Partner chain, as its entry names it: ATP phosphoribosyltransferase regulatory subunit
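Below you will find one chain, with nothing else, as structure tokens; this is the form deposited without its partner chain, and questions on how it binds or moves follow later.
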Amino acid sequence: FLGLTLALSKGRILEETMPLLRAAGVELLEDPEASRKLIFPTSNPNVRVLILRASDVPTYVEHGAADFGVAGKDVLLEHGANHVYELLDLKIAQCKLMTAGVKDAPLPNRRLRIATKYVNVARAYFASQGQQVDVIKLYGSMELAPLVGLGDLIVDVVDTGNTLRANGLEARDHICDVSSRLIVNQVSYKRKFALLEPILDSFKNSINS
């Protein structure tokens, strides 16, 4: 395959990227959500789509198994973005990285334990607050951790806050804003610029509105 391979993840990123792609002349020929398939052609024969776990988008792009991808800033901060180029903030899948814990619970006076998927972000954020924390690596359902005493706080993405509130948790700190970013393989950017450029220019134009 000589064209461009685009890495996306299911749910919000796929849904919110599709209008950008459509305006750039690229449409999927079926719903990837209803298929076990992982490689999908598009209306443009020079563009195909991989459907990946959000965590794996940076990895496929870095290695060049995809030429470009749409990844959350949260995932990029955690993975490290040093071996891809971040070209555009697409302003989609907007949310916040936050700390949270049981509503009105006092923090213990000791080294804190942070239950999170975002281990590097947690360590970096608490380092800025003057705290060298322990982290408990989890892969999902962070909202449960404080309810069963696994760690003193969590770090997770928050949008509406409904998940926190549903579980009797409240946000303690805003860490940063998160949105999805267009990342490109550093070699693909040099070798396939002629294919990438009109798509990048389209995305840039679309996000300006």
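Numbering follows the first chain given and starts at 1.
- Higher mean CA temperature factor, per the PDB entry, when comparing 67 to 75 with 111 to 119: 111 to 119.
- Stretch comparison (34 to 42 versus 177 to 185) by mean CA B-factor in the PDB entry places 34 to 42 on top.
- The deposited CA B-factor of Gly168 belongs to the middle third of values across its chain.
- Among all modelled residues in its chain, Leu4 ranks in the middle third by Cα B-factor.
- Remark: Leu87 belongs to the middle third of its chain, ranked by C-alpha B-factor as recorded.
- Per-chain ranking of the deposited C-alpha B factor places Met142 in the highest third.
- For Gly151, the recorded CA B-factor ranks within the highest third of the chain. Only modelled residues enter the ranking.
In what follows, reference is made to the form deposited with its partner chain bound, a form of this protein that is not presented.
- The closest heavy atom approach of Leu88 to its partner chain in the deposited complex falls within 4.5 Å.
- Contact between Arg172 and its partner chain in the deposited complex is not found at the 4.5 Å heavy atom cutoff.
- Among residues of the shown chain, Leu97 is not one whose heavy atoms approach its partner chain to within 4.5 Å in the deposited complex.
- Taking non-hydrogen atoms only, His83 approaches its partner chain to within 4.5 angstroms in the deposited complex.
- Highlighted residues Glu62, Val187 and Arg191: every one comes within 4.5 Å of its partner chain in the deposited complex, counting any heavy atom.
- In the deposited complex, no residue of 110 to 132 lies within 4.5 Å of its partner chain by any heavy atom.
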